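Quick heads-up: it's one chain on its own, the form deposited in one PDB entry, in structure tokens.
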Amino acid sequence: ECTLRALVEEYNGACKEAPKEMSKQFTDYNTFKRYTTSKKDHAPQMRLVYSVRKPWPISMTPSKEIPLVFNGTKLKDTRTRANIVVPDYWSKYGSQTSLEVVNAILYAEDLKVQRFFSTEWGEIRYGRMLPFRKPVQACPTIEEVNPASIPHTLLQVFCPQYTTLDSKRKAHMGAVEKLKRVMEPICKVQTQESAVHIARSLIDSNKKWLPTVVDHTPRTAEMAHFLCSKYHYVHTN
């Protein structure tokens, strides 16, 4: 296979030019995930203005569908660098994708939008409310999942062949099927990192401290920033 061959010479090349790197333990990966010489800057927002105005702001992978010059304007540096207007160019004369991929990527984000616009708002009541911050689950999930079992649930969805019976037992069976049927257009070698993020956010039941006038359901927690305050409260049906 061509794609399987695409994992061999890279392995041989890595084992050749980096011999001591491979000699390390596999558990060392958790350490050198973030091995970088660059100092952790105190304020990255200061140089954004200069970086955007800098010529060739974007680092892009080598590509052929983006011309070197478009309408008398350079785009790529011919990895190569990209002009600031390259993302604007791709928004009008770029290569499209399947509608299923768009729906899958926007999934767990369109759900929040649909929940916002499918709920009715009561009249705003003004009074001397006392908002006490209580830890509640921030975002609604497709299926309730016990924490510390979320990683085991994600393994079944994405790499069920590289798992253990122990992981299989303590995984939420019932949310794997829902995740598989909505993530399968993006469970490829590309967007593998991304699809995990959407899947994790779909079943993440983390607790956040939010203002509370009445006990919050998961639906009202994600929008608690305007439901209640020191002086106002709006009821949701």
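Residue numbers here begin at 1 and follow the sequence given. What we label the rigid core is the largest C-alpha set whose atoms superpose within 1.5 Å from one form to the other.
S.K.: Scan the PDB entry between residue 78 and residue 79 and report the missing deposited residues as one of none, 1 to 3, 4 to 9, 10 or more.
M.R.: Going from residue 78 to residue 79, the model skips 4 to 9 residues of the deposited sequence.
From this point on, the text means the form deposited in another entry, which you will not see here.
S.K.: Quick check for you: superpose on the rigid core, then look between this form and the one not shown for a C-alpha move of 2 Å or more. Which of 159, 113, 102, 124 is it?
M.R.: After core superposition, the one over threshold is 102.
S.K.: Core superposed first: is there a CA shift of 2 Å or greater at residue 189 between this form and the one not shown?
M.R.: Superposed on the core, residue 189 moves its C-alpha 2 Å or more between this form and the one not shown.
S.K.: Fitting the rigid core first, would the Cα of residue 68 be found 2 Å or more away between this form and the one not shown?
M.R.: Residue 68 C-alpha, core-superposed: shift of 2 Å or more.
S.K.: Core-aligned, does residue 59 move its Cα 2 Å or more between this form and the one not shown?
M.R.: For residue 59, whose C-alpha is compared between this form and the one not shown after core superposition, the shift is 2 Å or more.
S.K.: What happens to the Cα distance from residue 167 to residue 189 in the other form: does it get closer or farther than here, with a change of 3 angstroms or more?
M.R.: Farther is correct, given that in the other form the C-alpha spacing of residue 167 to residue 189 is increased by at least 3 Å.
S.K.: Given that the CA-CA distance for residue 98 and residue 196 shifts by 3 Å or more in the other form, does it become closer or farther?
M.R.: Relative to this form, farther apart in the other form.
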